[PDB]
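J.: Sending over a structure as structure tokens; questions will come in a sec.
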């Protein structure tokens, strides 16, 4: 009966677009069942065995059923859905292992390139080759345009 | 950089979904439990009410 806190707005960011429908469906399951539990009380009250025996002139059926009832015990349902927990962990892998290190390396890369930006000498100091290697997009790819100026003039 | 950081933060809450699933299923089992109790109480009281009315 341990029910935990949720920031549903963040939760909504969780699922891919594919399963969002079932996600919201089970969310509605949650709310409806929560309210439904709020409806009924915790326990079915005691049966007035004394009063029944008093009014109920029946010989022993009163206390007969009293005892039998008190003996009978309900079948508590058993955890069977309670199995997909590895999902969490394997999801944890996808995010914390299969995504943590890949994102990390993407960063270390981007970090490196960035810090490789502040080290660029002031343009006054630079020289065409400086741009060429800094921005290969400023290359003139002479292999495609071996003749001067190596770019379509209209370009 | 910041988009990647955002993904990293989003990873933290990547478990909440299953937390919700667990809460729902467990409380549904509790629902079945409680309703079974109330229903047995109902049936016994009704059955004895039969004879009281008789």
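J.: If residue B:18 satisfies all but one of (1) out of contact with any helix residue (DSSP H, G or I) (no Cβ under 6 Å at 6 or more places or on another chain); (2) surrounded by 16 or more Cβ atoms within 10 Å (Cβ to Cβ); (3) within 7 Å of another protein chain (Cβ to nearest Cβ), what's the number of the condition it fails?
T.: Status for residue B:18: all satisfied but (1).
J.: Take the stretch A:108-126 and flag every residue that is surrounded by fewer than 10 Cβ atoms within 10 Å (Cβ to Cβ) and outside any helix (DSSP H, G or I).
T.: Those that are surrounded by fewer than 10 Cβ atoms within 10 Å (Cβ to Cβ) and outside any helix (DSSP H, G or I): A:119, A:122.
J.: Against the definition (buried (at least 16 other Cβ atoms within 10 Å of the Cβ) and out of contact with any strand residue (DSSP E or B) (no Cβ under 7 Å at 6 or more places or on another chain)), how does residue B:50 come out, yes or no?
T.: Working: buried (at least 16 other Cβ atoms within 10 Å of the Cβ): no; out of contact with any strand residue (DSSP E or B) (no Cβ under 7 Å at 6 or more places or on another chain): yes.
For residue B:50, the condition - buried (at least 16 other Cβ atoms within 10 Å of the Cβ) and out of contact with any strand residue (DSSP E or B) (no Cβ under 7 Å at 6 or more places or on another chain) - is not met.
J.: In addition: Is it the case that some residue within the stretch A:18-34 is within 30 Å of residue B:8 (Cβ to Cβ), in a loop (DSSP other than H, G, I, E, B) and either more than 7 Å from every other protein chain (Cβ to nearest Cβ) or in contact with a strand residue (DSSP E or B) (Cβ under 8 Å, 6 or more places away or on another chain) (or both)?
T.: In the first step, residues of the stretch A:18-34 are kept if they are within 30 Å of residue B:8 (Cβ to Cβ); the result is A:18-27, A:30.
Remaining after also requiring in a loop (DSSP other than H, G, I, E, B): A:18-19.
Narrowing further to those that are either more than 7 Å from every other protein chain (Cβ to nearest Cβ) or in contact with a strand residue (DSSP E or B) (Cβ under 8 Å, 6 or more places away or on another chain) (or both): A:18-19.
Checked against the condition, which is being within 30 Å of residue B:8 (Cβ to Cβ), in a loop (DSSP other than H, G, I, E, B) and either more than 7 Å from every other protein chain (Cβ to nearest Cβ) or in contact with a strand residue (DSSP E or B) (Cβ under 8 Å, 6 or more places away or on another chain) (or both), the stretch A:18-34 yields at least one hit.
J.: Please count how many residues of the stretch B:1-11 are within 18 Å of residue A:91 (Cα to Cα), touching a helix residue (DSSP H, G or I) at 6+ places or on another chain (Cβ under 9 Å) and more than 7 Å from chain A (Cβ to nearest Cβ).
T.: 0
J.: Which one is nearest to residue B:12 (Cα to Cα) among residues in the stretch A:1-14 that are more than 7 Å from chain B (Cβ to nearest Cβ) and part of a loop (DSSP other than H, G, I, E, B)? Quick ask: steps written out before the conclusion?
T.: Pass one, the stretch A:1-14, residues more than 7 Å from chain B (Cβ to nearest Cβ): A:2, A:5, A:7-9, A:12.
Next, only the ones that are part of a loop (DSSP other than H, G, I, E, B) stay: A:2, A:5, A:7.
Details: A:2: 21, A:5: 15, A:7: 13 Å.
Ranking the candidates gives A:7 first.
J.: Yes or no: residue B:40 facing chain A (nearest Cβ under 7 Å) and more than 30 Å from residue A:85 (Cβ to Cβ)?
T.: The answer is yes for residue B:40.
J.: Another question about this same structure. Determine, yes or no, whether residue B:34 is out of contact with any helix residue (DSSP H, G or I) (no Cβ under 6 Å at 6 or more places or on another chain), surrounded by 15 or more Cβ atoms within 10 Å (Cβ to Cβ) and within 7 Å of chain A (Cβ to nearest Cβ).
T.: Yes.
Ideal geometry is used to build each Cβ from the backbone, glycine not excepted, and the neighbour counts take in all protein chains shown. Read-outs throughout are calculated quantities, based only on the coordinates presented, and are distinct from any laboratory measurement.
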